[PDB]
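The chain below stands alone, shown as structure tokens; this is the form deposited in one PDB entry.
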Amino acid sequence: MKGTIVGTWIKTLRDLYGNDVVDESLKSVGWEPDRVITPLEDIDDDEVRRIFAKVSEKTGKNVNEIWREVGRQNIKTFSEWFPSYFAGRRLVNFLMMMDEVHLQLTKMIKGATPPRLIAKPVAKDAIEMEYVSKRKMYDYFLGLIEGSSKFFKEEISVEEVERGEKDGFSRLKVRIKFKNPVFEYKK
């Protein structure tokens, strides 16, 4: 994982659960609590895994619930980093465009490997979006969608329709329903 996102995860945990929940979890993996992380350095994913587990232990929350909440928060932060990915979009545009956006981000943040997110309009008012990765961060995936709904102020319902691990990849498909048609024809 790139320092860019991780540095942000740390700071988001700090806002969510407090400083010396985060301080002590950081110590748990042998980091000084005020460790400075650079945007392009490589952080061991397992260290991140261990950090989030400790926060869970310390907070009484399941880690999946924490990843979800962090996913919710991060949409706003991403919107500050790259407002032009958000500007003038419908929510459904934003979600359908996200795989292509992640691909452009890999050309700008060397070594970044965001997941594949192929989205498909399956009905007049719904898409299916499939998360595909070597990393299995289902809950973060869902939180980011929820956070996207809040950012665009378009209500959705999200249902998991499929989950699975095949040939080294984690996969998760959701069906997302909107209040208006995806491709509405109007007067």
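Just count from 1 along the sequence shown to find any residue number. Definition used throughout: the rigid core is the maximal C-alpha set that superposes within 1.5 Å between two forms. Shifts are known only where both forms have a C-alpha.
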Practice task
Averaging only over Cα atoms, indicate whether 63-71 or 28-36 has the higher B-factor in the PDB entry.
Solution key: 28-36
Exercise for the section: Pull the Cα B-factor of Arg135 out of the PDB entry and bin it into the chain's lowest, middle or highest third. Expected result: middle
Fill in the blank from the handout: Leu142: CA temperature factor from the record, placed by chain third, in the lowest
Practice task
Would you check the entry's CA temperature factor for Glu154 and let me know if it's in the chain's lowest, middle or highest third?
Solution key: middle
Fill in the blank from the handout: Binned into thirds over the chain's modelled residues, the C-alpha B-factor of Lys58 lands in the highest
Exercise for the section: Rank-wise, by C-alpha B-factor, drop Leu13 into the lowest, middle or highest third of its chain. Expected result: middle
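The form deposited in another entry exists for this protein as well; it is not shown, and the discussion that follows is about that form.
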Problem - Conformational change between the shown form and the other one, one of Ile118, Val161, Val158, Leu40, C-alpha moving 2 Å or more after core fit - result: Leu40
Handout entry: Shift of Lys173 between the shown form and the other one at or above 2 Å (CA, core fit)
Key = no
Practice task
Superpose on the rigid core, then tell me if the C-alpha of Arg50 is displaced by 2 angstroms or more between the shown form and the other one.
Solution key: yes
Problem - Core-aligned C-alpha movement of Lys61 between the shown form and the other one, 2 Å or more - result: yes
Practice task
Pull up the moving segments between the shown form and the other one: at least three consecutive residues, every CA shifted by 2 Å or more, rigid core held fixed.
Solution key: 1-66, 107-114, 184-187
